[PDB]
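Participant: The structure is given below, and queries will be raised subsequently.
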Ligand SMILES: Cc1cc2nc3c(=O)[nH]c(=O)nc-3n(C[C@H](O)[C@H](O)[C@H](O)COP(=O)(O)O)c2cc1C
Ligand SMILES: Cc1nc2cc(OC(F)(F)F)ccc2n1-c1ccc(C(=O)NC2CC2)s1
Ligand SMILES: CCCCCCCCCCCC[N+](C)(C)[O-]
Ligand SMILES: O=C(O)c1cc(=O)[nH]c(=O)[nH]1
């Protein structure tokens, strides 16, 4: 491995015991901004590359939304060894989010709870940050072929979700490889109710429509319209919460096929977790190890209910290569990490890529794509 990763695990050990969780996170981000994290400069195995339609991932691990909300250190997080990152969730206008403290960690169970409430700098600032990233990407050998998706959402006092989505799309869409529609945060009331079938359908179609209209105004070639990685219009995903009834699920499955959505992220955080003692005090959505089983089962169902037609992005509870293969066997094409980063540290992507590779060999798969959906 590397010593650089070593010191940071030590600093991280310290910070987990004594420092407030949001502060640790900001600290991590500040280190990224300053470009003093370690680099994974290794070639990823050609046997674990993956794709979602025409969107190609050099490796199957990315970082989930809510980690770099404002795109302040995309380079540095990608350079840890991840194939992609999802920035945001963003909203049209900058927002403080809910009252601090709003993030707590339980180390022993490797779980997190949060009630952030979409704290972010807003679309215009985040768009400016993405633009600067995209300019660096053109000059930096390590960033080529790396994917950046943008998670989009609504301001908390916004009545019309769709108007919020549309505005985001027209601002930042050109710079995104994909757009994740966040209708699943349990920290802005209601929002989660937008997963009801009628509103969701309308939402997907308006998203898809605004993206298409990006292409129509401009005089330039596509090479110049899409200032992203794929050089094409961003794909459209929707991230779902796991706190839904079986009937609801089958009904959401239906609308995804009907609207021909490019993919689904399963899943967002849960509020259905009761047995974490340090979290009785606390409010919001739950991440980490305890979410793994629920999230896995949710992938199975949706893959089934969509007839293996809608590419799945998996989240969360993913810590090991084994955790990772479970998701893939259940039907995920690609995996996002969040908590693992928090508890396992900067080495997370290097560690997990090796384990997925070593485990793909013991199960005698020829490559990753062959494992998808092999229950
Ligand atoms: C502090 C925090 C902030 C988050 N912010 C977002 C967000 O803005 N948008 C989103 O779609 N998910 C958000 N999430 C959910 C994560 O993206 C991820 O789906 C969830 O943590 C499950 O993954 P995990 O078990 O690997 O941690 C957030 C999670 C945490 C813990
Ligand atoms: C991976 C990692 N390594 C870190 C080393 C650190 O110490 C140093 F600043 F380097 F001295 C501080 C934070 C670190 N992170 C963290 C990143 C995000 C973290 C976190 O808790 N998110 C809260 C939402 C749970 S924790
Ligand atoms: C500014 C050098 C001090 C670094 C010591 C603690 C972290 C070391 C990681 C440095 C790696 C930075 N770099 C060159 C990989 O980007
Ligand atoms: O911003 C948040 O509070 C948030 C958003 C989201 O999608 N998921 C989550 O757990 N928290």
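So basically every Cβ, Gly included, is an ideal-geometry build from the backbone, and we count neighbours across all protein chains shown. Read the figures in this text as sums done on the coordinates, not as results from a lab.
Participant: When you check residue 368 against the structure, is it closer than 23 Å to residue 2 by Cα and buried (at least 23 other Cβ atoms within 10 Å of the Cβ), yes or no? Lay out the reasoning, then the answer.
Facilitator: Numbers: closer than 23 Å to residue 2 by Cα: no; buried (at least 23 other Cβ atoms within 10 Å of the Cβ): yes.
For residue 368, the condition - closer than 23 Å to residue 2 by Cα and buried (at least 23 other Cβ atoms within 10 Å of the Cβ) - is not met.
Participant: Same structure, new question: Restricting to region 290-307, and then to whatever is under 17 Å from the mean Cα position of the chain (by Cα) and touching a residue at least 40 places away in the same chain (Cβ under 8 Å), can you tell me which residue is farthest from ligand 1 (Cβ to nearest atom)? Steps first, please.
Facilitator: First, the residues of region 290-307 that are under 17 Å from the mean Cα position of the chain (by Cα): 291-292, 295-296, 298-299.
Among the residues that remain, those that are also touching a residue at least 40 places away in the same chain (Cβ under 8 Å) are: 291, 295, 298.
On the way: 291: 5, 295: 7, 298: 11 Å.
Among those that are under 17 Å from the mean Cα position of the chain (by Cα) and touching a residue at least 40 places away in the same chain (Cβ under 8 Å), it is 298.
Participant: Quick check on region 65-77: of everything there that is in contact (Cβ under 8 Å) with a residue 60 or more places away in the chain and in contact with a helix residue (DSSP H, G or I) (Cβ under 9 Å, 6 or more places away or on another chain), which residue is surrounded by the most Cβ atoms within 10 Å (Cβ to Cβ)?
Facilitator: Among residues in region 65-77 that are in contact (Cβ under 8 Å) with a residue 60 or more places away in the chain and in contact with a helix residue (DSSP H, G or I) (Cβ under 9 Å, 6 or more places away or on another chain), the one surrounded by the most Cβ atoms within 10 Å (Cβ to Cβ) is 71.
Participant: Among the residues of region 258-288 satisfying the criterion of being touching a helix residue (DSSP H, G or I) at 6+ places or on another chain (Cβ under 6 Å) and within 22 Å of residue 206 (Cα to Cα), which is farthest from ligand 1 (Cβ to nearest atom)?
Facilitator: So the residue we want is 259.
Participant: Being within 19 Å of residue 143 (Cβ to Cβ) and either touching a strand residue (DSSP E or B) at 6+ places or on another chain (Cβ under 8 Å) or away from ligand 1 (no atom under 16 Å from the Cβ) (or both), is that true of even one residue in region 5-28?
Facilitator: Within region 5-28, none of the residues are within 19 Å of residue 143 (Cβ to Cβ) and either touching a strand residue (DSSP E or B) at 6+ places or on another chain (Cβ under 8 Å) or away from ligand 1 (no atom under 16 Å from the Cβ) (or both).
Participant: Moving on to the next point. Against the conditions (1) out of contact with any strand residue (DSSP E or B) (no Cβ under 7 Å at 6 or more places or on another chain); (2) without any contact (Cβ under 8 Å) to a residue 60 or more places away in the chain; (3) crowded, with 20+ Cβ neighbours inside 10 Å; (4) closer than 20 Å to residue 353 by Cβ, where does residue 322 fall short? Just the number, please.
Facilitator: Evaluating residue 322 over (1) out of contact with any strand residue (DSSP E or B) (no Cβ under 7 Å at 6 or more places or on another chain); (2) without any contact (Cβ under 8 Å) to a residue 60 or more places away in the chain; (3) crowded, with 20+ Cβ neighbours inside 10 Å; (4) closer than 20 Å to residue 353 by Cβ leaves (3) as the failure.
Participant: Among the residues that make up region 51-61, is at least one of them surrounded by fewer than 20 Cβ atoms within 10 Å (Cβ to Cβ), more than 16 Å from ligand 3 (Cβ to nearest atom), in contact (Cβ under 8 Å) with a residue 60 or more places away in the chain and over 23 Å from residue 262 (Cα atoms)?
Facilitator: Looking for residues that are surrounded by fewer than 20 Cβ atoms within 10 Å (Cβ to Cβ), more than 16 Å from ligand 3 (Cβ to nearest atom), in contact (Cβ under 8 Å) with a residue 60 or more places away in the chain and over 23 Å from residue 262 (Cα atoms), one finds none in region 51-61, hence no.
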